[PDB]
Amino acid sequence: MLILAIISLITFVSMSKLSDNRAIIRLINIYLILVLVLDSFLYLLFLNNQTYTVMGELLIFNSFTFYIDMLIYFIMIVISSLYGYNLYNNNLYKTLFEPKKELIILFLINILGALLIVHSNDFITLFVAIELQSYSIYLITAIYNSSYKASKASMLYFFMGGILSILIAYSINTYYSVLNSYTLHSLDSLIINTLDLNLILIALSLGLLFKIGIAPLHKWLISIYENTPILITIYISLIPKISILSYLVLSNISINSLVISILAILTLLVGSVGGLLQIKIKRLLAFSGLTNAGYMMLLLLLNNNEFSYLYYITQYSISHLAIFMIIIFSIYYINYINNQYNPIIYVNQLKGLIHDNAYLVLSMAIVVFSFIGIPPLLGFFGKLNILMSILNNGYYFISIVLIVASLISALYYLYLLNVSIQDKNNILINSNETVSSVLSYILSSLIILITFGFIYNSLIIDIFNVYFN
Amino acid sequence: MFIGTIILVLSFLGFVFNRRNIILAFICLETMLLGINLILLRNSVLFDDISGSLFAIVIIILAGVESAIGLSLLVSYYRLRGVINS
Amino acid sequence: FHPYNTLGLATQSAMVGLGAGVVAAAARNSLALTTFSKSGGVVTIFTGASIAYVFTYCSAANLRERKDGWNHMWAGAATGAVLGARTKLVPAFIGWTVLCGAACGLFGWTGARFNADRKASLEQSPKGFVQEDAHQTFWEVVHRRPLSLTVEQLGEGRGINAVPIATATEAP
Amino acid sequence: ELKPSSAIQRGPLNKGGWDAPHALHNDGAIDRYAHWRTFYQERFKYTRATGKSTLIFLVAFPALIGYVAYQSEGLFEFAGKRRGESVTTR
Amino acid sequence: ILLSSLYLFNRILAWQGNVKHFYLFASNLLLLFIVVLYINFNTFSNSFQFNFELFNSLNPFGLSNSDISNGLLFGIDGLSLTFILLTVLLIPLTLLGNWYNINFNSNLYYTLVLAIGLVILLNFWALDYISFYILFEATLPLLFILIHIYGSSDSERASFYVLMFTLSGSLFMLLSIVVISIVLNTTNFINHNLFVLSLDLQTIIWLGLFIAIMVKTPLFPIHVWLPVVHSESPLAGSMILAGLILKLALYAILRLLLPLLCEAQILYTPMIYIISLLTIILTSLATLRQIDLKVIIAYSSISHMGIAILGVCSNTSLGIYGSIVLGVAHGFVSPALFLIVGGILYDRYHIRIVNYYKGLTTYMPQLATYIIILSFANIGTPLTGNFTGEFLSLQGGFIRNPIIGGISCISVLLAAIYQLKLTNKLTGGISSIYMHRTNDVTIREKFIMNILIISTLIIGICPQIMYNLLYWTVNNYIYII
Amino acid sequence: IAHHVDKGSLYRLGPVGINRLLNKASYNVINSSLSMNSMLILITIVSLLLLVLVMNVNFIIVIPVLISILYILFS
């Protein structure tokens, strides 16, 4: 469906005027919803963990990739709604959030790149999908060319992504030179015992992981996330993380790797410690993303990581979307718009939000306490599954470090709630304006999922036991 | 393996220790891709295998589109500032 | 336990630390003959940390004839002493010593490894309830343990006796 | 040109309630003494006396009690002990 | 029912505008319901009785009768019933003690208070490690919000302490719970004494569990958060925290630790005795040089919890019974003292510095009588439950280790010192010049304090009245070969 | 006790000392948008290669080097 959407959309966006952008985006939003609901029944193919190799052994289809695919569609639906609908109908918000003409096509193509990364069974397909996603994401960074910071960001991103892509291509070709093969499926226990592939496979893993910004190469990505338009940051900080991490989890090429162990430790420490002194909202959220990417990196050191990883990535996607949407909503109550790409920038600008919108702060509290991992919110069960996995496999020191990093990051998670439940002198008296029904309903759905997902935990594990065993 | 490796490493060091210009940066990217491809093609020949050359062709095409997009990004960056002081 | 060769291992550590400090100095220069002038003493940081940690670790391991986390605790204490001497204040020196020693003692307790010892881990170990009369291994569980094992591990007294009281105090 | 919506009307946050007569006559000296005592941790420094109290109570006293408690574990049994019998088990 | 009751709640809210009458009524109904349950509770059996399961896969939204149990387990025995009765006794008084001094966002405040109470009450019903942990952490967001919004001047730092210290301990508790889960693949409390882990594994799990216990009880040397969180909490937060949340720790020892890690507990007991003797002596001494009323009352609780711990790890029936009785008596007395210092004096004068207060007997003789009674109760006068708890706990501790228990007998003196030093200055002397005359204690305040006083006196004159619920428990956990 | 231990040492190994430590460490990790980042990526690659060479030699020798690296970055 995705290819058909891309083709049609190119035709229409060519033949439509600049005023039709939001209507087009609503059209695609509904189309993706329709695909998600009508084609969901293809799950049935994956009963008993049945795996399918497709396209001449280039693509691999199993329950895991089907789930990642559905999750990516859900994320795309939510993200496209933010562009397809106005928060408010005033002039200010027409200036604040207007979709570019080609933005939707870039979004769909980057989604296609991500899905091809997930399904990749062969290194040529992996490299082509990586380059497709990398190019589309460069352009998404750069499409808002009136922003000085966005253009500077796109250029830095181009160069860092190019270097990491060259590292990846080098790793692929060294694997070819040693094994005369482009598939990991050719690998076996005998082959891993016989030959020392550790260097090559770790170089490939590192080349992929530095593209989502794990320490000690974080800062360039945090700067890019800071300097992009806020509705762009909601996307570019999420989809590449999902695709790359899912590919690495599915491939399992760094089991018990000492280098990945040390880098995951370092990423946890830097993500937790470095986010403490932050005063800008989006830099705080980017360091949050770094710490959570560390939590997921830990899962690359062990076999049978499917359940913990899927649960964690789903709850993280929901929490991330929700926190960005809350920051977006809280824009209507700020008294100073900093600029047209990033209306709110400093955490202190939320001060006293509870007096303007009590339930917005309720939602904020719920999402923050999910991030900290307070039961019975989803975040707690995500961390619980991760701890179960790593302790089952004897990563004791890493478990201690994970404890410590969650503690430390709770400080700058609660910074947001702290300033949000403080008091502001000028308190909204009244307003005729209504927030858009659709986005408020979506934000509410995310909040209710985070709050009451745990009631379905046992049902989920029962389903999982029949589709992934 | 020798010419490609040295082009890769020298272009990488040119990229990293660039403190002269951004064009040097573009060029180091392109030449790195060159060296990768030369290593690949020598291996293809030594194995009498077509997969190496197929991936070489794909690299060629992707380096083309990457150059196109990168130069477009540079132009859009220039449009706002009028000058590249590197 | 057969000894570490403290002298040799410490010498190799001196070499590694010197090289690492050199690399850090070169980087520091590039990011900011002046490289060592404007080094900030990082070469000394690396060299001293290396020599202190390795020398103290091997020394303690040889003296106690054991290999466990306590040796890492001592070595971390020495390393922290070196790093906290740079503050030139007694409270900070003591704090570096004790806290680095504690952190490295925790590290050595967990296995002195960042990745896992796969063969000893639970996933690769005999688990679940044991069979008929087998000896208990670390990850296994029973319904009843042998009383002699209790008396030997826990020790006699405080309600731990070889024979249940009522049986022992039965009359005939 | 970027300004919040004119549609918003903002008034004061008043907390309401009945202003009671002020039944305490605050003494500035007492308040400053109280503030100094309350936030003493912000100004604590390690000196000879402070370090001495730290090393006594956090180190020496726990060590003493630990030696006592591990040396005397299971040592005594008193229930119904009679004349001539040892109240000690070891 | 639920639909109709929700309709009733909505209509009452729309018409009256303040939920607090509805919440008071509700909590009273809950108390009556628990009493009905006690009526129908069989005491001649050591088995959990009112069992139910939630979030089972066959019935996620209802109760499960399936042959596979993958949800969360709930049920009660005598030990849980005692603390549940304490909880349902305390909740309505917690609502009532702030009946007039909250004049803003009052509905939210009462909602947070009642939610915290319900969370603790449900926590006592939990029958497996995971649900216990879930409800054990669920309070921290509510406490954080409550303290941050409705607290005194230094409430921001208080809220951050109460969240961070408890999370810090709870995550090590989570490590231990994860190890148990993956090693046993079971989590329940019903049959967890049947699994005999290797001694080394027991010794390792015990560490995480006991670190959680150190932060939550608290014990020396990680007790420094409690005096803050108490002093800047509003009255309901302080009463709940002192009267229930600390007893959650003691219940945690008895339920989670002793049945599973018996041999490791035997190995570690002298370390526990070191830590408890430390907390008693050192916190009791540190109480002498405090200048805030609520801080002093907070420091008292730590010492009483130290005596409770000394009782509960004594490996004797008397020690355990003493720990339970002391927990209950403390839950009666400490909320009353917090009521005094943070609801009567603080609501009349809005200050907590000790220097301002003096000679309150002249204008407020009734308040002075209440202070005298509550203070002699807190320091352990016989015919008060506090004395029975401290005496039995000290007996158990002296049996377990004669030297350590004998030294711990100094707690009687130390408690008398700090408490009577406070009440001496508060009650007598010439009426303070800094403050003016205000009303004496009112009917509501007197009602709450009378409830607490009669409860502690009743269990102090005849502590046996609790035995029918606890005679199984006093044997369920002691480890004698 | 009440001052030097309770509001002294226990707060050092508590809120206040941790606050100072985190302030310093965070300041250091935050303390030419391109050239610098490129130098970073080279330094990471070469440092990783040399560190793994050392690890192959002897893992105990690399622990002080990692400690020193973290000291550079955070302190």
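As written, the chains take the letters A, B, C, D, E and F, and residue 1 is the first residue of each chain.
The rule is simple: a contact is a pair of C-beta atoms (placed from the backbone, for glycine too) under 8 Å apart; a residue touches a chain by one contact, two chains touch by 3 or more.
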Centroid comparison with chain F (C-alpha atoms), farthest chain: E
Approximate Å spacing (C-alpha centroids) for the pair chain B, chain D: 63
Whole-Å gap between the CA centroids of chain C and chain D: 33
Whole-Å separation of chain centres (CA-atom averages), chain B against chain F: 35
Residues of chain F whose C-beta touches two or more other chains: 1, 3, 5, 7, 11, 15, 34, 38-39, 41
Residues of chain B whose C-beta touches two or more other chains: 15, 17, 25
Per-residue multi-chain contacts in chain C, two or more chains: 30, 113, 122, 158, 160
All chain pairs that touch each other: A-B, A-C, A-D, A-E, A-F, B-F, C-D, C-E, C-F, D-E, D-F, E-F
Interface residues, chain A side, partner chain F - complex: 152, 155-156, 159-160, 163-164, 167, 199, 206, 210, 216-217, 219-220, 223, 258-259, 262, 266, 269-270, 273-277, 408, 411
Touching residues (chain side chain D, partner chain C) in the complex: 45-46, 51, 73-75, 89-90
Interfacial residue positions of chain D with respect to chain A in the complex: 1-13
Of all residues in chain D, those that touch chain F in their complex: 40-42, 44, 49-50, 53-54, 57-58
Touch list for chain E against partner chain C, complex: 182-184, 194-201, 263, 266-267, 315, 400, 479-481
